[PDB]
Amino acid sequence: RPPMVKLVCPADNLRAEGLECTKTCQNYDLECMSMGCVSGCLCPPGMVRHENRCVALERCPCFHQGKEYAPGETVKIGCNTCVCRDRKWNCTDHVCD
Amino acid sequence: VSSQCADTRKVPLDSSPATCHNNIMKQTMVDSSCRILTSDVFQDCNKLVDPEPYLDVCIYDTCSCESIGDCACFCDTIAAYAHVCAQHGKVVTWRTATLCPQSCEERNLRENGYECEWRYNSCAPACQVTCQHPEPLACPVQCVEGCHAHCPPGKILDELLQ
Amino acid sequence: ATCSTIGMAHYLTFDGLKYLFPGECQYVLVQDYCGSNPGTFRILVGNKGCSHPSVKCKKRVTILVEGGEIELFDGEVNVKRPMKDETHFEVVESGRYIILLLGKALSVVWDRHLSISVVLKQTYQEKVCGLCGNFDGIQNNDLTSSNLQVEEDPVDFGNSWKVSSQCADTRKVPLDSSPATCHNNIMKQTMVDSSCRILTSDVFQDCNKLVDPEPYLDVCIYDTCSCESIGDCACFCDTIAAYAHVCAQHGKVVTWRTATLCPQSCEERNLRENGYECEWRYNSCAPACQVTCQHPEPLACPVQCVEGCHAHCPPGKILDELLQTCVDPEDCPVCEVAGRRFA
Amino acid sequence: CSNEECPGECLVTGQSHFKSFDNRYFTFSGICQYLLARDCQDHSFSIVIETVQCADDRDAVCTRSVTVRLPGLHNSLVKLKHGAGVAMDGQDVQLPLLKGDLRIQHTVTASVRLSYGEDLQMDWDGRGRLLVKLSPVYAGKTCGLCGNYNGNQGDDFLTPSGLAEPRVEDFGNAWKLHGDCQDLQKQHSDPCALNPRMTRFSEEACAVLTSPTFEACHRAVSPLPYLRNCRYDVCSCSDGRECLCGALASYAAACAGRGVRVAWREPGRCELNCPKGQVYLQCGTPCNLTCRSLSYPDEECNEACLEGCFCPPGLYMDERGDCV
Amino acid sequence: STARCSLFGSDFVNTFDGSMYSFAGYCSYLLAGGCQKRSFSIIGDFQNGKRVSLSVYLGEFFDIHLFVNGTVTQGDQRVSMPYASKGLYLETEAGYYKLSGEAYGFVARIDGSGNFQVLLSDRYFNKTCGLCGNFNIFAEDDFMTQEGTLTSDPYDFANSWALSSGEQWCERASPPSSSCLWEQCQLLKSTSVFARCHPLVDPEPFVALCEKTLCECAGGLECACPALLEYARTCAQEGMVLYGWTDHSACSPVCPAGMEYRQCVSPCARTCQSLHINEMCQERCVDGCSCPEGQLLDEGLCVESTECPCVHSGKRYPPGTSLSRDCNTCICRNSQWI
Ligand SMILES: *[C@@H]1O[C@H](CO)[C@@H](O[C@@H]2O[C@H](CO)[C@@H](O[C@@H]3O[C@H](CO)[C@@H](O)[C@H](O)[C@@H]3O)[C@H](O)[C@H]2NC(C)=O)[C@H](O)[C@H]1NC(C)=O
Ligand SMILES: *[C@@H]1O[C@H](CO)[C@@H](O)[C@H](O)[C@H]1NC(C)=O
Ligand SMILES: *[C@@H]1O[C@H](CO)[C@@H](O)[C@H](O)[C@H]1NC(C)=O
Ligand SMILES: *[C@@H]1O[C@H](CO)[C@@H](O)[C@H](O)[C@H]1NC(C)=O
Ligand SMILES: *[C@@H]1O[C@H](CO)[C@@H](O)[C@H](O)[C@H]1NC(C)=O
Ligand SMILES: *[C@@H]1O[C@H](CO)[C@@H](O)[C@H](O)[C@H]1NC(C)=O
Ligand SMILES: [Ca+2]
Ligand SMILES: [Ca+2]
Ligand SMILES: [Ca+2]
């Protein structure tokens with residue numbers, strides 16, 4: 001189903017990232033291990049997979065405890081409010097009582 | 001403080017203190033008796049605070065706190081856990097007519113009695129104003145639980161005669 | 001007279017004899033199918049898992065008056081077989097108690113937890129049998145087994161009134177008071193005795209002149225040693241409630257419940273929609289039977305001092321039947337044909 | 001006293017039992033590949049663990065293999081397979097192995113030792129038990145399942161996003177490497193609520209910890225956490241004969257790290273049962289006793305005790321496995 | 001609504017749905033009990049491929065063991081019979097040993113042949129998890145291994161439910177490698193006695209197991225009769241009970257005395273040490289045995305109606321055995337002191 005892109009494995013030393021390495025938004029920062037390239041398909045390098053299909057990198061929801069959170073949304077945790085940008089939570093600190 | 005206290009020595013045995021595990025007919029109700037910390041109302045607390053230490057406390061001081069006609073030695077732990085939940089804006093209700101019941105209607109103006117001015121409320125915002133300190137204060141609980149008087153805005157509560 | 005089950009392991013005959021007999025299968029409280037006459041009624045008190053006074057004890061009562069059963073269990077009554085003589089069949093939910101009227105003389109009172117009382121008038125004189133004696137006014141002979149023999153100890157006497165012959169009747173307890181659970185600490189034993197010495201402390205001093213609290217103290221010592229209570233104190237308050245009920249029948253109403261001693265409440269069922277119309281209170285003994293659009297006429301309720309929570313609505317706007325909210329008398333049955341509620 | 005940061009250790013053992021770098025203990029029991037620890041600030045190394053299920057039970061979990069990656073040598077280096085063997089980039093090799101800065105060596109007690117330059121020491125023996133010693137240099141640059149190697153144990157549930165969850169399942173699920181692996185639900189606490197037959201034995205067996213035999217070490221490390229692990233292991237795993245003694249040895253090794261020694265091996269207990277011609281002796285300071293050391297006598301001899309299999313003090317290890 | 005799974009014959013098993021097979025193990029496999037909130041378990045012990053003993057487990061505190069020869073224990077003790085307890089009334093019946101738990105809901109039997117039977121309740125629909133298989137009407141997916149996967153080999157499915165306990169450790173179970181003259185199995189297909197059970201159940205698997213047993217025939221008529229009782233009971237519980245079978249070729253299922261094996265015997269089993277209360281016997285028909293009609297049962301055996309002894313203080317006395325009191329004395333009539 002377009003605009004899906006496929007790739008083959010040159011099979012020189014099996015370092016190419018095949019279908020075994022689908023760089024989901026939740027896995028982008030985490031290192032990806034490659035047991036060996038497998039001829040498969042993947043979205044463009046500038047595009048990352050999502051639950052349904054691959055979507056812009058800057059839009060995968062930030063994840064707090066087992067629930068979704070769209071970008072720009074803020075959550076208050078006891079003493080401070082924090083907002084997720086670039087999938088990463090940013091917010092100030094205030095040592096309170 | 002004082003150097004003549006008979007320092008507490010140690011408890012060598014493991015969980016289920018000597019009072020537990022000597023029959024294992026008890027120690028079979030207590031675990032199920034106060035597993036209610038995850039039965040029907042506390043699934044929402046569990047996502048915020050993990051109730052392992054509170055279960056451990058309940059198992060303790062329940063074998064070793066013998067009860068006869070006074071169930072207060074057990075309701076207190078549940079009350080503490082509910083208080084901790086309430087701190088995280090997550091008020092809960094757990095008291096029934098058959099489980100640690102509490103009544104505050106005894107002090108309801110026996111002279112007439114009909115003027116039922118008192119109730120029992122869970123969150124019940126903590127610090128109010130009367131002819132004692134008619135100014136805002138800094139009370140860091142802000143809905144202490146208990147029995148509360150909620151008569152209309154006008155004709156505020158008194159100090160001594162309640 | 002009255003036959004009742006003090007606590008949940010002891011029995012009190014019609015002639016006033018107290019004894020101990022823990023069982024676990026069906027028995028016979030009182031019947032009349034033993035005399036040289038055709039019997040009428042029969043009552044069985046089969047209990048579940050009550051051979052030990054542990055908290056798990058539950059009890060069931062079945063009544064066979066003519067052709068029906070009532071199955072007093074857990075919540076309320078059943079009518080599993082309607083009786084052809086409902087002309088004098090009533091059920092009343094007064095205070096915390098439930099009252100059943102089954103005939104001119106037979107009456108039953110239930111706490112809903114563990115206490116059952118049976119009341120008979122003078123008609124059934126020397127015409128009954130079972131675990132409640134023969135109601136003849138003689139205490140000595142009210143211990144006869146089913147085979148016309150006078151036993152010696154209650155344990156053997158009770159086995160003869162068993163229904164099913166495959167129960168493994170209880171053998172006996174050889175030890176003295178302070179059952180196995182006690183007298184091994186004399187630290188839990190020394191708290192139980194003082195804990196329910198309140199039967200003579202300050203409020204029951206007037207009762208003690210009329211009724212001696214000797215048997216009830218012993219009952220309290222029992223079924224508190226052998227009752228491991230964890231978060232539920234109902235195993236204890238029941239004995240004191242029974243003693244207070246006995247006092248009440250002699251016109252000596254008492255109040256004993258504090259905010260830290262067997263507390264009780266009845267405000268939960270107080271119209272949560274608004275609630276401000278607090279129509280429920282807790283009363284000393286809340287006279288028993290009050291008319292409504294259920295039985296708009298005085299009945300014969302032989303307690304008249306039922307303890308619990310009560311409604312005290314003004315002279316008008318009497319209490320309703322189902323929604324538990326006082327309403328004006330319009331909401332009475334249109335007609336009594338066929339004995340149907342008819343709103 | 002003078003404060004000073006000292007080396008940290010991350011431990012993986014039992015069915016699923018972790019000790020983070022600081023002090024935090026917990027149980028995860030998830031079935032996928034996970035990232036155990038990474039440099040996270042300079043990207044010098046990475047450790048990945050593969051996990052499976054054992055003992056045909058709901059709550060029984062194991063670790064099959066561990067893979068280390070060292071960008072220094074540019075390649076996905078040694079994989080530690082379920083056996084004692086190791087594979088360097090897909091090819092099996094025979095120990096010992098020497099290279100520019102890597103040393104992999106078979107130890108006395110039938111294990112493997114992987115060492116890099118002056119730090120990152122790893123002990124792994126076959127049946128799912130991994131010890132990772134890390135030098136103080138990596139004092140604040142580490143993110144993974146072992147948590148940041150700081151002084152506070154209260155922030156070891158820190159997900160890569162930046163926030164710390166209160167629950168263990170959510171914290172664990174955040175460190176997957178495959179999108180297919182499912183996210184486990186509530187962690188089950190008591191495993192032998194499903195096998196009531198194995199109840200008396202577990203409680204009576206996992207009680208030697210709170211007995212005089214270990215009373216010497218009762219004030220070196222608190223044996224509260226090592227008791228529930230014993231109970232869990234005995235209740236859960238298929239074979240209780242060796243699971244019981246797979247846990248006691250862990251406590252004995254923990255005590256040995258603080259200097260306290262104990263025997264804890266008596267008839268009726270899982271004695272080492274060393275083959276003939278060798279000696280079960282306690283401390284022997286193995287640096288000699290393998291005449292490879294005889295060939296090279298001036299490399300190093302600096303090692304503590306290992307109470308492993310040894311030989312009478314007139315023998316050296318034979319190549320084929322003898323000691324005559 | 002009530003199912004029934006039974007272990008019968010020699011190394012045979014029947015599930016709650018009908019899918020049935022053979023098996024021989026050694027490790028006290030799990031027979032019934034949900035694997036989400038257990039709350040109890042039924043464990044059937046084996047020994048050397050045989051069927052020895054049955055046991056239950058409530059929570060983790062109460063054990064009970066029943067054994068096949070009528071000996072009962074408490075885990076470390078030796079209790080008597082009937083021995084009512086905290087629920088779980090151990091009793092006796094038309095000749096078999098019964099263990100009934102009504103608070104939880106189940107009934108287990110052990111007859112003279114050692115054939116185990118268990119009946120569950122409806123509230124365990126789609127929730128039972130043991131060896132008898134999941135309890136749902138669909139009858140083809142009843143090989144759920146403990147891992148949750150599905151298999152086809154009976155031995156692989158059954159070996160995943162073994163339970164070990166300390167001193168007793170167990171190994172993998174392997175099928176016996178032993179192979180093998182009248183064919184009376186077609187008795188289920190020829191006579192009209194069983195013709196009425198045909199439209200409710202399919203006799204084919206019973207014929208298959210009958211020939212499987214026929215392979216062995218370490219005896220004359222034992223080849224088939226054990227395979228026949230099960231079919232009769234199965235189509236009896238289905239809603240209609242076969243009447244007056246056993247009169248042609250059966251092998252007389254055995255009970256100690258009386259031998260009055262028959263269907264539709266009231267569990268009440270009127271004796272003379274009874275209050276003769278009627279209308280309270282509302283139990284379905286249960287197969288078993290008794291002793292003829294002119295005799296009333298006693299604790300050990302049954303005796304003529306004219307020799308029911310009197311009872312006093314637990315002691316038994318023959319008729320005309322007048323006891324003496326200090327003040328009076330009188331005689332033993334037919335269990336009626338006068
Ligand atoms: C019904 O079968 C069971 C088991 O098949 C019989 O129980 C067994 O009885 C024998 C006889 O005493 C026990 O042997 C004894 O064991 C003790 C303890 O090990 C030992 O000290 C004695 O010297 C003797 O060897 C055996 O352990 C026991 N097995 C059990 C309880 O599992 C039972 O006797 C049979 N019933 C009848 C009426 O025979
Ligand atoms: C968080 O926000 C502040 C101000 O909005 C910014 O200075 C800081 O760099 C942000 N943090 C990160 C990690 O980008
Ligand atoms: C408790 O008090 C708060 C204060 O506004 C009120 O909103 C709430 O309804 C009260 N709860 C009860 C049960 O009265
Ligand atoms: C109980 O009700 C009676 C009659 O309505 C009343 O006289 C009495 O005062 C009540 N008791 C209490 C404690 O209110
Ligand atoms: C190691 O120490 C010396 C040095 O080689 C050697 O003679 C001795 O045998 C070794 N230790 C033991 C315990 O044998
Ligand atoms: C049994 O329950 C499971 C989960 O609740 C469900 O998926 C399945 O369809 C059920 N089976 C039947 C026959 O109802
Ligand atoms: Ca009398
Ligand atoms: Ca940390
Ligand atoms: Ca099925």
# chains A, B, ... in the order shown; residues from 1 in each chain; ligands from 1

$ residues_near_ligand --ligand "ligand 1" --cutoff "7 Å" --atoms "only C-alpha atoms and all ligand atoms" --output "list in words"
residues 67, 68, 69, 70 and 71 of chain E

$ residues_near_ligand --ligand "ligand 4" --cutoff "8 Å" --atoms "only C-alpha atoms and all ligand atoms" --output "compact mmCIF listing (two decimals) with N, CA, C and O atoms, in the first residue's frame"
# COMPACT_ATOMS: atom_id res chain seq x y z
N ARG C 281 -33.88 8.05 62.85
CA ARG C 281 -33.17 8.26 64.10
C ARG C 281 -32.88 6.88 64.68
O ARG C 281 -33.33 5.87 64.16
N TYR C 282 -32.11 6.86 65.77
CA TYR C 282 -31.86 5.63 66.51
C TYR C 282 -32.49 5.77 67.89
O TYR C 282 -32.13 6.68 68.64
N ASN C 283 -33.43 4.88 68.21
CA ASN C 283 -34.23 5.05 69.42
C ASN C 283 -33.96 3.93 70.41
O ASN C 283 -33.42 2.87 70.06
N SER C 284 -34.34 4.18 71.66
CA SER C 284 -34.11 3.23 72.73
C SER C 284 -34.73 1.88 72.39
O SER C 284 -34.00 0.89 72.24
N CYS C 285 -36.06 1.81 72.25
CA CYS C 285 -36.63 0.60 71.68
C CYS C 285 -37.88 0.84 70.83
O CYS C 285 -38.63 -0.12 70.61
N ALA C 286 -38.15 2.06 70.38
CA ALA C 286 -38.96 2.27 69.18
C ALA C 286 -40.18 1.35 69.13
O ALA C 286 -40.13 0.32 68.44
N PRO C 287 -41.27 1.65 69.84
CA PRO C 287 -42.36 0.68 69.98
C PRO C 287 -42.65 -0.07 68.68
O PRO C 287 -42.59 0.50 67.59
N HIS C 310 -35.59 4.18 63.93
CA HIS C 310 -37.02 4.44 63.87
C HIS C 310 -37.29 5.74 63.12
O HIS C 310 -36.43 6.62 63.04
N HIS C 312 -40.07 8.94 63.00
CA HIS C 312 -40.97 9.59 63.94
C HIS C 312 -41.76 10.71 63.26
O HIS C 312 -41.82 11.83 63.78

$ residues_near_ligand --ligand "ligand 9" --cutoff "6 Å" --atoms "only C-alpha atoms and all ligand atoms" --output "ChimeraX atom specification"
/E:17,134-139,141-142

$ write_last_selection --atoms "C-alpha atoms" --output "CSV table (one decimal), in the first residue's frame"
chain,number,residue,atom,x,y,z
E,17,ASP,CA,-18.1,-31.8,27.3
E,134,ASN,CA,-12.7,-26.1,30.2
E,135,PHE,CA,-16.5,-26.1,30.9
E,136,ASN,CA,-18.2,-24.6,27.8
E,137,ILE,CA,-20.7,-26.2,25.5
E,138,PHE,CA,-18.2,-26.2,22.6
E,139,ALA,CA,-16.5,-29.6,22.9
E,141,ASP,CA,-11.2,-26.9,22.2
E,142,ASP,CA,-10.7,-28.9,25.5

$ atom_distance --atom1 "atom CA of residue 220 of chain C" --atom2 "atom CA of residue 241 of chain C"
11.5 Å

$ residues_around --residues "residue 47 of chain B" --least-positions-apart "2" --cutoff "12 Å" --atoms "only C-alpha atoms" --output "list in words"
residues 64, 65, 66 and 67 of chain A; 38, 42, 43, 44, 45, 49, 50, 51, 85, 88 and 90 of chain B; 165, 166, 167, 168, 169, 170 and 186 of chain D

$ write_last_selection --atoms "N, CA and C atoms" --output "PDB file, in the first residue's frame"
ATOM      1  N   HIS A  64       2.776   9.009  29.663  1.00  0.00           N
ATOM      2  CA  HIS A  64       2.832   8.859  31.108  1.00  0.00           C
ATOM      3  C   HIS A  64       2.297   7.467  31.447  1.00  0.00           C
ATOM      4  N   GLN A  65       1.954   7.222  32.710  1.00  0.00           N
ATOM      5  CA  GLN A  65       1.560   5.883  33.128  1.00  0.00           C
ATOM      6  C   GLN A  65       0.420   5.357  32.267  1.00  0.00           C
ATOM      7  N   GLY A  66       0.724   4.362  31.436  1.00  0.00           N
ATOM      8  CA  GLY A  66      -0.264   3.637  30.662  1.00  0.00           C
ATOM      9  C   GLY A  66      -1.415   4.446  30.101  1.00  0.00           C
ATOM     10  N   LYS A  67      -1.134   5.571  29.447  1.00  0.00           N
ATOM     11  CA  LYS A  67      -2.194   6.314  28.782  1.00  0.00           C
ATOM     12  C   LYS A  67      -1.591   7.276  27.768  1.00  0.00           C
TER      13      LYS A  67
ATOM     14  N   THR B  38      -7.711  -3.402  47.741  1.00  0.00           N
ATOM     15  CA  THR B  38      -7.729  -3.501  46.289  1.00  0.00           C
ATOM     16  C   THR B  38      -9.005  -4.170  45.788  1.00  0.00           C
ATOM     17  N   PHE B  42     -10.499   0.875  45.584  1.00  0.00           N
ATOM     18  CA  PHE B  42      -9.118   1.327  45.581  1.00  0.00           C
ATOM     19  C   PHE B  42      -8.382   0.999  44.290  1.00  0.00           C
ATOM     20  N   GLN B  43      -9.082   0.522  43.258  1.00  0.00           N
ATOM     21  CA  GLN B  43      -8.424   0.375  41.967  1.00  0.00           C
ATOM     22  C   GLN B  43      -7.934   1.702  41.415  1.00  0.00           C
ATOM     23  N   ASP B  44      -8.537   2.814  41.826  1.00  0.00           N
ATOM     24  CA  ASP B  44      -8.125   4.122  41.338  1.00  0.00           C
ATOM     25  C   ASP B  44      -6.939   4.668  42.122  1.00  0.00           C
ATOM     26  N   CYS B  45      -6.886   4.401  43.428  1.00  0.00           N
ATOM     27  CA  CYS B  45      -5.702   4.755  44.202  1.00  0.00           C
ATOM     28  C   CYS B  45      -4.479   4.002  43.700  1.00  0.00           C
ATOM     29  N   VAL B  49      -0.575   5.307  44.120  1.00  0.00           N
ATOM     30  CA  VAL B  49       0.251   4.846  45.227  1.00  0.00           C
ATOM     31  C   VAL B  49       0.122   3.333  45.332  1.00  0.00           C
ATOM     32  N   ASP B  50       1.256   2.654  45.454  1.00  0.00           N
ATOM     33  CA  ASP B  50       1.253   1.195  45.474  1.00  0.00           C
ATOM     34  C   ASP B  50       1.055   0.694  46.901  1.00  0.00           C
ATOM     35  N   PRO B  51      -0.014  -0.056  47.184  1.00  0.00           N
ATOM     36  CA  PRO B  51      -0.313  -0.413  48.575  1.00  0.00           C
ATOM     37  C   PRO B  51       0.358  -1.688  49.070  1.00  0.00           C
ATOM     38  N   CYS B  85      -4.654   8.643  49.998  1.00  0.00           N
ATOM     39  CA  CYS B  85      -5.347   8.812  48.723  1.00  0.00           C
ATOM     40  C   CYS B  85      -5.931  10.213  48.602  1.00  0.00           C
ATOM     41  N   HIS B  88      -3.960  13.097  47.342  1.00  0.00           N
ATOM     42  CA  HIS B  88      -3.851  13.190  45.888  1.00  0.00           C
ATOM     43  C   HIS B  88      -5.198  13.404  45.211  1.00  0.00           C
ATOM     44  N   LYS B  90      -8.111  12.483  45.300  1.00  0.00           N
ATOM     45  CA  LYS B  90      -8.735  11.244  44.844  1.00  0.00           C
ATOM     46  C   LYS B  90      -9.650  10.685  45.929  1.00  0.00           C
TER      47      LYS B  90
ATOM     48  N   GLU D 165       7.492   6.587  37.070  1.00  0.00           N
ATOM     49  CA  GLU D 165       6.191   6.005  37.343  1.00  0.00           C
ATOM     50  C   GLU D 165       6.150   5.407  38.744  1.00  0.00           C
ATOM     51  N   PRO D 166       4.960   5.277  39.326  1.00  0.00           N
ATOM     52  CA  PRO D 166       4.855   4.668  40.656  1.00  0.00           C
ATOM     53  C   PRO D 166       4.735   3.154  40.604  1.00  0.00           C
ATOM     54  N   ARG D 167       4.368   2.617  39.444  1.00  0.00           N
ATOM     55  CA  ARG D 167       4.166   1.188  39.266  1.00  0.00           C
ATOM     56  C   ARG D 167       5.356   0.572  38.544  1.00  0.00           C
ATOM     57  N   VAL D 168       5.592  -0.711  38.815  1.00  0.00           N
ATOM     58  CA  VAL D 168       6.741  -1.389  38.226  1.00  0.00           C
ATOM     59  C   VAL D 168       6.450  -1.843  36.800  1.00  0.00           C
ATOM     60  N   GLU D 169       5.214  -2.249  36.506  1.00  0.00           N
ATOM     61  CA  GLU D 169       4.905  -2.755  35.172  1.00  0.00           C
ATOM     62  C   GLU D 169       5.109  -1.676  34.116  1.00  0.00           C
ATOM     63  N   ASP D 170       4.621  -0.464  34.383  1.00  0.00           N
ATOM     64  CA  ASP D 170       4.790   0.620  33.424  1.00  0.00           C
ATOM     65  C   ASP D 170       6.258   0.975  33.246  1.00  0.00           C
ATOM     66  N   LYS D 186      -1.010  -6.623  35.665  1.00  0.00           N
ATOM     67  CA  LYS D 186      -0.662  -6.720  37.079  1.00  0.00           C
ATOM     68  C   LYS D 186       0.321  -7.849  37.349  1.00  0.00           C
TER      69      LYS D 186
END

$ residues_near_ligand --ligand "ligand 3" --cutoff "6 Å" --atoms "only C-alpha atoms and all ligand atoms" --output "list in words"
residues 121, 123, 124 and 125 of chain B

$ interface_residues --of "chain E" --to "chain D" --cutoff "6 Å" --atoms "only C-alpha atoms" --output "JSON, numbers by chain"
{"E": [60, 165, 166]}

$ interface_residues --of "chain A" --to "chain D" --cutoff "12 Å" --atoms "only C-alpha atoms" --output "PyMOL selection string"
chain A and resi 13-15+19-36+49-51+61-67+75-77+81-91

$ write_last_selection --atoms "C-alpha atoms" --output "compact mmCIF listing (two decimals), in the first residue's frame"
# COMPACT_ATOMS: atom_id res chain seq x y z
CA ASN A 13 27.99 -8.70 6.74
CA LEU A 14 24.27 -8.28 7.60
CA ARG A 15 24.40 -4.79 9.10
CA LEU A 19 12.06 -5.44 8.87
CA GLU A 20 13.37 -6.69 12.23
CA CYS A 21 14.05 -3.04 13.18
CA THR A 22 10.86 -0.97 12.95
CA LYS A 23 11.78 2.37 14.54
CA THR A 24 8.59 3.20 16.40
CA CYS A 25 8.34 6.59 18.07
CA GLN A 26 8.59 4.89 21.47
CA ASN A 27 11.76 3.08 20.29
CA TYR A 28 13.55 5.88 18.41
CA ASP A 29 15.93 6.82 21.23
CA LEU A 30 16.48 3.20 22.28
CA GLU A 31 19.24 1.36 20.46
CA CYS A 32 18.06 -1.21 17.94
CA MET A 33 19.78 -4.59 17.67
CA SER A 34 20.05 -6.32 14.29
CA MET A 35 20.32 -10.11 14.33
CA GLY A 36 20.58 -9.87 10.53
CA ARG A 49 5.94 4.13 12.61
CA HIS A 50 2.86 4.65 14.78
CA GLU A 51 0.08 2.37 16.01
CA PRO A 61 2.04 11.24 21.92
CA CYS A 62 4.13 11.42 25.06
CA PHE A 63 3.48 8.49 27.40
CA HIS A 64 2.83 8.86 31.11
CA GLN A 65 1.56 5.88 33.13
CA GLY A 66 -0.26 3.64 30.66
CA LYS A 67 -2.19 6.31 28.78
CA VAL A 75 -0.26 17.25 33.53
CA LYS A 76 0.06 18.23 37.19
CA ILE A 77 1.83 15.70 39.42
CA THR A 81 2.81 20.95 36.10
CA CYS A 82 4.77 19.40 33.24
CA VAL A 83 4.31 19.48 29.46
CA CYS A 84 5.72 17.09 26.85
CA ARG A 85 7.54 18.51 23.83
CA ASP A 86 9.43 16.34 21.35
CA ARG A 87 7.89 13.38 23.20
CA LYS A 88 10.01 14.38 26.22
CA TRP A 89 8.54 15.84 29.40
CA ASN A 90 9.81 19.32 30.30
CA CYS A 91 8.88 21.27 33.42

$ residues_near_ligand --ligand "ligand 7" --cutoff "6 Å" --atoms "only C-alpha atoms and all ligand atoms" --output "JSON, numbers by chain"
{"C": [15, 133, 134, 135, 136, 137, 138, 139, 142]}

$ write_last_selection --atoms "N, CA and C atoms" --output "CSV table (one decimal), in the first residue's frame"
chain,number,residue,atom,x,y,z
C,15,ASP,N,-39.1,-23.5,79.7
C,15,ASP,CA,-39.3,-23.5,81.1
C,15,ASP,C,-38.1,-22.8,81.8
C,133,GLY,N,-38.0,-28.1,75.0
C,133,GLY,CA,-38.7,-28.7,76.1
C,133,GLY,C,-40.2,-28.9,75.7
C,134,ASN,N,-40.9,-29.4,76.7
C,134,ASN,CA,-42.3,-29.7,76.5
C,134,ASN,C,-43.3,-28.6,77.1
C,135,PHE,N,-42.7,-27.5,77.6
C,135,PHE,CA,-43.5,-26.4,78.1
C,135,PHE,C,-44.6,-26.9,79.0
C,136,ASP,N,-44.2,-27.5,80.1
C,136,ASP,CA,-45.1,-27.9,81.2
C,136,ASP,C,-44.9,-27.2,82.5
C,137,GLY,N,-44.0,-26.3,82.6
C,137,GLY,CA,-43.7,-25.6,83.9
C,137,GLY,C,-42.8,-26.3,84.8
C,138,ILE,N,-42.2,-27.5,84.4
C,138,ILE,CA,-41.3,-28.3,85.2
C,138,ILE,C,-40.0,-28.3,84.5
C,139,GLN,N,-38.9,-27.8,85.2
C,139,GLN,CA,-37.6,-27.7,84.6
C,139,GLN,C,-36.9,-29.1,84.6
C,142,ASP,N,-37.6,-31.4,81.4
C,142,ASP,CA,-37.5,-30.8,80.1
C,142,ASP,C,-36.1,-31.1,79.5

$ select_by_dssp --residues "segment 205-304 of chain D" --states "helix (DSSP H, G or I)" --output "JSON, numbers by chain"
{"D": [205, 212, 213, 214, 215, 216, 217, 218, 219, 225, 226, 227, 228, 229, 230, 231, 232, 233, 234, 235, 236, 240, 241, 242, 243, 244, 245, 246, 247, 248, 249, 250, 251, 252, 253, 254, 255, 256, 257, 291, 292, 293, 294, 295]}

$ atom_distance --atom1 "atom CA of residue 10 of chain A" --atom2 "atom CA of residue 180 of chain D"
25.7 Å

$ atom_distance --atom1 "atom CA of residue 267 of chain C" --atom2 "atom CA of residue 224 of chain C"
29.5 Å

$ interface_residues --of "chain B" --to "chain C" --cutoff "6 Å" --atoms "only C-alpha atoms" --output "ChimeraX atom specification"
/B:69,71,74,103

$ write_last_selection --atoms "N, CA, C and O atoms" --output "short mmCIF file (atom, residue, chain, number, x, y, z; two decimals), in the first residue's frame"
data_model
loop_
_atom_site.label_atom_id
_atom_site.label_comp_id
_atom_site.auth_asym_id
_atom_site.auth_seq_id
_atom_site.Cartn_x
_atom_site.Cartn_y
_atom_site.Cartn_z
N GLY B 69 -14.40 -6.74 71.14
CA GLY B 69 -15.41 -5.70 71.20
C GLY B 69 -14.93 -4.33 70.78
O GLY B 69 -15.72 -3.38 70.82
N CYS B 71 -12.98 -2.92 67.51
CA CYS B 71 -12.39 -3.15 66.20
C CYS B 71 -11.52 -1.98 65.74
O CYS B 71 -11.06 -1.98 64.60
N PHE B 74 -7.99 -1.99 63.78
CA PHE B 74 -7.91 -2.34 62.37
C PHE B 74 -8.38 -1.25 61.43
O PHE B 74 -7.78 -1.07 60.37
N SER B 103 -20.60 7.02 63.58
CA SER B 103 -21.78 7.85 63.73
C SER B 103 -21.42 9.08 64.56
O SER B 103 -20.78 8.95 65.60
#
